[PDB]
Amino acid sequence: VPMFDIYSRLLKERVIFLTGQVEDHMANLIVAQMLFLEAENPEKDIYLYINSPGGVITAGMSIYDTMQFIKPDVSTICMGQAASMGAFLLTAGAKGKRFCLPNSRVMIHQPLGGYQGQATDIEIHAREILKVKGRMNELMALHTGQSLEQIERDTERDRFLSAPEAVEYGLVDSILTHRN
Amino acid sequence: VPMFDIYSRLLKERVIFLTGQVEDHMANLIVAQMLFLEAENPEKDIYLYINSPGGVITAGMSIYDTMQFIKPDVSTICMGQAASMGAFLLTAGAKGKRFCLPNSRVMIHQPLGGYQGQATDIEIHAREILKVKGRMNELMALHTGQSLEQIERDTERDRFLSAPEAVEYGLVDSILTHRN
Amino acid sequence: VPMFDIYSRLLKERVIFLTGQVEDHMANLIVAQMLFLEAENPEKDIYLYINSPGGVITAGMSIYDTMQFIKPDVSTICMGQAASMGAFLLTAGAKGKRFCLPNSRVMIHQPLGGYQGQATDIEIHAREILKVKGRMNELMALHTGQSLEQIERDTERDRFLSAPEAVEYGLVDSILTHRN
Amino acid sequence: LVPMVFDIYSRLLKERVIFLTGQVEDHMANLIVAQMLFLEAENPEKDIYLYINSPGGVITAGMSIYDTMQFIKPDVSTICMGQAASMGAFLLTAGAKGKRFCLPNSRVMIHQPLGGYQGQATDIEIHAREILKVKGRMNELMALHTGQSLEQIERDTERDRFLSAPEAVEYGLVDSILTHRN
Amino acid sequence: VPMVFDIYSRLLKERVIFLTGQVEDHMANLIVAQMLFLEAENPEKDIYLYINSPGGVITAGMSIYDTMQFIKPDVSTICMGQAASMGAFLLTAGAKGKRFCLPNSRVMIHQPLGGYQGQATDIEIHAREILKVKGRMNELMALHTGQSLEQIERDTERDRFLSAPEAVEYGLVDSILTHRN
Amino acid sequence: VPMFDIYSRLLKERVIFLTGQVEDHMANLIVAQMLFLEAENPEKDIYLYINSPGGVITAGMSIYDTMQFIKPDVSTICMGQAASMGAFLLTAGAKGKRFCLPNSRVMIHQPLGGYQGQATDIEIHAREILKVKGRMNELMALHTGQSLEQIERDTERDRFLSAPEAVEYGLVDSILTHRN
Amino acid sequence: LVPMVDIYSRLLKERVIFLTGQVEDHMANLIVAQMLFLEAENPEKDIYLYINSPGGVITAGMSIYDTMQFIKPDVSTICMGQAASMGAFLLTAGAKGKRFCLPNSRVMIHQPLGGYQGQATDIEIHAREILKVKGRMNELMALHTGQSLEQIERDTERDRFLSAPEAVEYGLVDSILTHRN
Amino acid sequence: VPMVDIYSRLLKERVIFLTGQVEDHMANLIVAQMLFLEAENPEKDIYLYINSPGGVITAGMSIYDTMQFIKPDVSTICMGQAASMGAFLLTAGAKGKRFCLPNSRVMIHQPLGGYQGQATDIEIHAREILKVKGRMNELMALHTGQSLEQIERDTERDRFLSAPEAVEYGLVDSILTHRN
Amino acid sequence: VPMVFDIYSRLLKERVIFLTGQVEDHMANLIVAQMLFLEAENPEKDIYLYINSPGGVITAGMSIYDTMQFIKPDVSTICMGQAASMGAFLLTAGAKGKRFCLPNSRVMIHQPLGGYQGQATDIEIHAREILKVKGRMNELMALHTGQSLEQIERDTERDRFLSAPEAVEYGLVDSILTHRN
Amino acid sequence: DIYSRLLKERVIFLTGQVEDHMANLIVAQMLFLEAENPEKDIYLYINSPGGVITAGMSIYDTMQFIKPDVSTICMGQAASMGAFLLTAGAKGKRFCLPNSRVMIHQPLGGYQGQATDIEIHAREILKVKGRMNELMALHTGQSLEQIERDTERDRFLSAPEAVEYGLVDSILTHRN
Amino acid sequence: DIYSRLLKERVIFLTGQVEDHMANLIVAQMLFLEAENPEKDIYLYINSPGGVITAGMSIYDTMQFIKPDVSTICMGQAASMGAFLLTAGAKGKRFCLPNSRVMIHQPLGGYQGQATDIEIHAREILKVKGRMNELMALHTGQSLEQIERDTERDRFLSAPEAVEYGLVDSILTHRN
Ligand SMILES: CC(C)(C(=O)NCCSc1ccccc1C(F)(F)F)P(=O)(c1ccc(C(F)(F)F)cn1)c1ccc(C(F)(F)F)cn1
């Protein structure tokens, strides 16, 4: 990692990178960077680049709730891909400030999970992932402006969206083409 | 491998052994041995020893359905232990002809299972193991003579029964102790 | 394996066993027995017991065409479970001679596959698994009496059937309960 | 690598913020305990802020954080982020009353202690008694912090039980929901 | 194995041989030895070769091929589950008129696969070899199917599946085998 | 690691290195580098050395879209090799500022991929990788000046380019041999 | 995995011995044992040794070679699939006029491979020995093929493939075998 | 392989095979065979084919002492190779009846050993392998008619002998070439 | 590593770069980075590249080689220990007149090594490509040694060791450094 | 940086298995010391079982090339290449500590491949053995023949025996 | 840093198994300390089960050779070479803590190869065992005969037992 090191200087310009699989510890680092920037200045926008194939729902939810919680607007920019929990956090950005780069791609689907144990415990845990599915679809509908029923239909199986399609789906607000 | 071998010669006396973990192939051996003894003589009792920790539920139901289908009474004898599907196949024997040896032990509990994938598939497979729990419990009421909601409670967790409690429970009819 | 071995002894009664995963070498053994049984007496029914979770499609189809090609009717009996390709070969028995036991279950779904390579290669194998899915669904519709659409809608995701449901669906013609 | 501003987690310690993240075990808990003492040392009056995102973990390790939280002069305010299961739910409900929060989409799981032993029957009895004594006390400390009766906590912890943020408020595990900063 | 002689032994005295699974030296040698035995036992009756194979080692397949062409008996081939690559090749190499697909078998054909490791000089020796192997396999297939060598070349560059009807139309087999007479 | 290391020192002169496999994390660091240099001087050229055999397409597209978006020209110099995604990122520098060293080579082909699962899902991901192949060829045709179908035939299979043939093909503009 | 009537045993009654797979001491000893036994059964009748091998251990192979020359009966060798390296040597080692290739079989010849680990002094002892075995192989190869020593040397420095026809014109084998007459 | 049993039938002609690594169990097999052929006719010759890289010394000496002990002369035939303890049992056959096939080769050397532990125990074991080295060289001098000192000088390092050389050295009496 | 700045960073101030061990992409890049920094620091003062290497990835070496010829300053190559294959190639590629062995270093040359696995068609592609690489390697070799391309071809078919004097005599290096001059 | 401080006293440590990267870090320290001062001695401490010859030769040629006299001090052991580099110190400056031990033997090697390549690589290791022997004779003042006779097998020398043999010059026991 | 900081107070820690690289670290710290002040005592805390003999001997020859006395202090355990280096300290300046323990025994070893080589390496470990036993007798004041009767098998000495044996000079109980 080349020399403030490269990421930490970009953090001074309110830039945060979410990269790779979503799990607790990289999630916590994003949360901490957001909380830190809100302290440095609750008025200025935060920029979160998202290149991710997805990952742990509860961990992405910590970034989501931090995203809504803090004062600053969190702008999202998708480069490479934003899949599943990655696509969910991209559309979670402040309305009007969610972006895809021209050849970034997006994928949405339904929650994934797995359990082993007794029938009683399996029902508990299956009941809970369905509640998570419903919560995601609602939040998904809310950020995209699609109906709940459109989210449900379209996430039952993997659905890919090009950058233009994700603009037209309401997942992002526009494409970043070149700096003016 | 003591010797025409010791199990095949024991089979000549209508004696079938269900040892160890219950799965598709060992269960198939027993299905075939029962079919064969039935072909030899539909009148005579068949003796099914059971020293088993349990195992795959559908594998066991292939034995259960075969026991109930074939004309001969299938007598069951618990030596060692009959746990989970082992207990089930022991109480499935012809009423009056189900026996624990003096120190054999019995354990009953609910189906174990699990699966991983999309929420929608998790739901389908949770539903299914719940349906199985229901049937298994119904079928246990049938054979032991206890109320459905008694079985449901006695098997939510691991529940041991000594040979006496297993008779008093309805699982077996009597204890074997000394040949007459 | 008990002793003439037990499976050989029941071959004499024109009973074949399909147990466990469908793959080439076990499927081959099953085919070899059908050809033998037909060469012994092309007019008598053959009895195929099925307890399997499914397996390789081409291996399963090899059994299927043999069942149809040979002179005898092939009666299919499901014990334990007949899943995926096991459900297919179950329903492919002689019309009117297809049976579930009271407590066996059936499950149906669409083909599984997978491949790695260049986009062009992926396309060739993807086209092929869809054709196979097409063929399987057509045959399922033929053997159950259900519309092609019904089959396709019901096989996108794993669907379970109790023995009663398997009869009401056209997978089997009746339940075997006791030997009359 | 960690971004620097002081790495990121050190700067947020200045504002008296501490993250509990991932599996609870001895060294990550001892890290948290050490921060809680530092904070109490740097200012015995100001509040400490403990972010919890955890599936739980080793009970004795969690109980080291817990006793530190009660022992210290500072009120410790806990904030659930993605999830607080098992020892994490316990430590969440253990923060200063009125200062325990769920983020709107965090979730809480409660259940009973896991464990087990291997050895002679005589020793199996000792270790079974111990985990039963532990389960008894934990139930009591959950009843105390949540406000639920001891019997209720028992019924509800025999099996896994999920609570959303609002249900966690209604249950007494947390006090309110943090939705937008004021 | 199930007795009646195990069941393959029983179908061997009816001149049925089973090519099943991957093609390699030892299963291929086993098929060759069955043909020679069936040829000794009666060189005037046909041999029945059931093929359910995904392919395998080319030189092991060619010991089966040369043995079918060599022995006096005709070798009739029936493809039951799949016959892919070397599997398809041995299927199409049966006695003309006596090559069948069961109705739901499939066939796949393509070009040789291989691999070498070592010095440039030996890489070239081996690369040139497999190209020649390719040229002979394409020739034998054209011969047995009646396609032009050029057609065989086009259709084997990449994997190509043929259903049982399509195989009949391609020349790869002679008839489908539906219900026994 | 000869250290403020040597790459940080080369960064000062707007020299970025792309070495080895393309993947999310080395790709993210090149994007962070590119962004940092724009912020320094959004007018001064940036130089990307490419010595790579390829890697994950979406990770390369994260770098590709960053090159086009940022205000500065990105000059691409290939040393050693630019294979697959590496060729793509090479041909994607500024027209006129794309170089090969004398004995470096270039290799181009089509997307490689692999999915497994249900036939329906195989179709979705097969269809996505074909979309990816088409959009890759379009941008390949756009940056080299060849036609969509010339790129299409030349990329069905692995195709090697000497540094002269790279120039002739429009993959790069010229060859650096000695420093002026 | 075998059929009974056992199949290779039955083919042994026709004086047919099989050399499949990699040459190593134990598979080789099995072939010497069948050769010795077949001699004792009748020292005048030929022996048929079908060869489909990539090669293998030299000494293990030399144990089949010397058995072949030692025994009274002629050992006719037949290549099916491939006879590579030690496999090829044993092919061309058959009785003169009775070594055959099947039409699409193939043959590859090269030089001894080995390796050693140890002290310089011991490295020399073993390197010399593998060079001496290389010299004895090229000689016995020059003998059985009718080629000069120098030609065998040049042609085996690196891997060299021979089609069935090129093997006949090289002296490895006497003639191809297309159909049972 | 080939039960027709090929090794059993050659044993009836008094032929024993020593193949592969010399260890207690295969050597016990050779001993058991020699014992049996003595008990069958203590006067006819026995024929030990040797193709062997050597092996454990005490395992081998059990074969050696059995060869001298039994009334029958044990003719030895090297075939392929006889190295180390293979060479020793080769030359240990009956005088005038030790043969090499023309292209067999022999290798001789001193014993190999390995020990770990306390210095006091290392001495006890190093003393022992020197004793075993002295005895082996002695016996080897006695069967080759070479001096002890010549044997000692030649076995310090690996020495290869061809079939003729092994005759010249006295390890075998002559070369079998063609059956008379 | 010892600090002094660490020992290698300190020798970089004296314009000394170390090429140690297997040649692969990341160690090659650090070498290229170093040379870009040394030219920038002073486009005229010589660069000293110590080489002790058994070889490695050709494209990775070729990134070093082309960086060496592009940059303005002369690159002086000092062999110590061993320069084998691509390491030999990079040592003889230093500034003409300034390529050295130390007295007991040894050099080894041979032809490219590679390996492919796949369809026959792609095997053709990659075998052609490695023959293309072998030719240019031989050509750049002859250029830097002065030997005829034919001589290079004959002497790199197999591993060929050269002592320090032999490498001087061959054109690989220009002289030997024995004691300090 | 304890080795860095000790480096300031012109002390370089040869520890453990000899291979390319540690040899190269050995060479880099010797060049740095020469540049810091070409007239002062360097002290190379050796505690090694040996290792890769070409790696040791890169250390050996550097010791001869650089201007400073490289004194060698054996502690623990110097076996095989470790003892070659010990005997290659500046004459009169090669030291054993009282309870170090020295082991000389012959090159070890191994190849796999074609017989032609086996002969190529075996010829080479015999060439290496001769030059190892040549240089061993050179620094100990024994004859090539004596060295060839003494190194065919493992051979242990104690500090006194290492002085008699010529491998080292004397024994350090206590600091004067 | 905590260990660097205790090194400034002339304290080195010998902890765990004795092998080449941890032993080199110890030797480097001793030469560093001797240079920093060749007149001031060095303190060596030993908590170790033993380990490689030649590595241990490089420590041992450094302790003897350098100017400063090396006072050794046993903490936890000093077994085998651990015990050897503990009795290696300056007479009068070797300590045990009250509840530390000490184990002595003979050298352990292992070779594999030709008989002639086994003899060579077997001979050498016996020489090593002689010198080891000779040095121990020296440092403990016991007779040679006593040391080897006592070390032929594992022998445990408590702190008072090791004072009485001559392995260390006194016990440390509380700071004064
Ligand atoms: C990128 C380029 C600036 C470059 O790497 N300089 C490295 C020197 S950094 C530097 C500079 C000033 C002060 C201090 C420093 C340092 F180092 F102390 F920090 P360049 O010189 C180059 C290109 C290719 C190669 C090779 F060998 F890999 F092929 C090599 N060098 C270059 C030249 C020409 C062009 C044109 F004309 F084509 F546009 C573009 N780029």
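All heavy atoms count here, side chains included; hydrogens, waters and symmetry mates do not. All chains are named by letter (A, B, ...) in the order of the sequence lines, taking the proteins before the strands, and each is independently numbered beginning at 1.
Across all their heavy atoms, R15(G) and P73(G) have their closest contact at NH2-CG, 4.1 Å. Considering every non-hydrogen atom in both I17(G) and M35(G), the closest pair reads CD1-N, 3.5 Å. Between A87(H) and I108(H), the shortest heavy-atom contact is CB-CG2, 3.9 Å. Residues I58(G) and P112(G) come closest through the heavy atom pair CD1-CB, 3.9 Å.
Note that CE of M79(H) is 4.5 Å distant from OG of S63(G), once rounded to the nearest 0.5 Å. In this structure, CD on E123(H) lies 11.0 Å from CD on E128(H), to the nearest 0.5 angstrom.
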Step by step, would you call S85(G) with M108(G) a side-chain contact (heavy atoms from CB on, under 4.5 Å)? CA-CA 6 Å; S85(G) 316; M108(G) 192 215 78; 3.3 Å; yes

Check your understanding: Can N29(G) and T19(H) be said to form a side chain to side chain donor-acceptor pair (under 3.5 Å), step by step?
Key -> CA-CA 7 Å; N29(G) 191 261; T19(H) 319; 3.2 Å; yes

**OP:** Step by step, work out the salt bridge (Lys or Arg N to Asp or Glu O under 4.0 Å) result for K72(G) and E44(G).
**Re:** CA-CA 7 Å; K72(G) 176 62 162 350; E44(G) 321 284 284; 2.6 Å; yes

(request) Just do the side-chain contact (heavy atoms from CB on, under 4.5 Å) check on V106(H) and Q81(H) with the steps written out, would you? (result) CA-CA 6 Å; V106(H) 178; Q81(H) 91 179 326; over 6 Å; no

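Ranked by heavy-atom pairs shorter than 4.5 Å toward chain G, the options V1(H), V15(H), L101(H) are led by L101(H). Counting heavy-atom pairs under 4.5 Å between each of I71(G), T67(G), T121(G) and chain H puts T121(G) at the top. Ranked by heavy-atom pairs shorter than 4.5 Å toward chain G, the options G20(H), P102(H), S52(H), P53(H) are led by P102(H). Of the listed residues (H26(G), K13(G), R128(G), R10(G)), the one with the most heavy-atom contacts under 4.5 Å to chain H is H26(G).
Aromatic ring orientation, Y8(G) versus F18(G): perpendicular (interplanar angle above 60°, classes split at 30° and 60°).
Proximity to chain H is limited to the side chain of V32(G), based on heavy atoms less than 4.5 angstrom apart. With a 4.5 Å cut-off on non-hydrogen atoms, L140(G) touches chain H through its side chain but not through its backbone. Proximity to chain H (any heavy atom under 4.5 Å) is shown, for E24(G), by neither the backbone nor the side chain. With a threshold of 4.5 angstrom between heavy atoms, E41(G) approaches chain H through side-chain atoms but not through N, CA, C or O. Only the side chain of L12(G) comes within contact range of chain H, with at least one heavy atom under 4.5 Å from a heavy atom of that chain. When heavy atoms are compared at a cutoff of 4.5 Å, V133(G) approaches chain H solely by way of its side chain, counted from C-beta outward.
Residues of residues 144-180 of chain G never come closer than 4.5 Å to chain H when only heavy atoms are counted.
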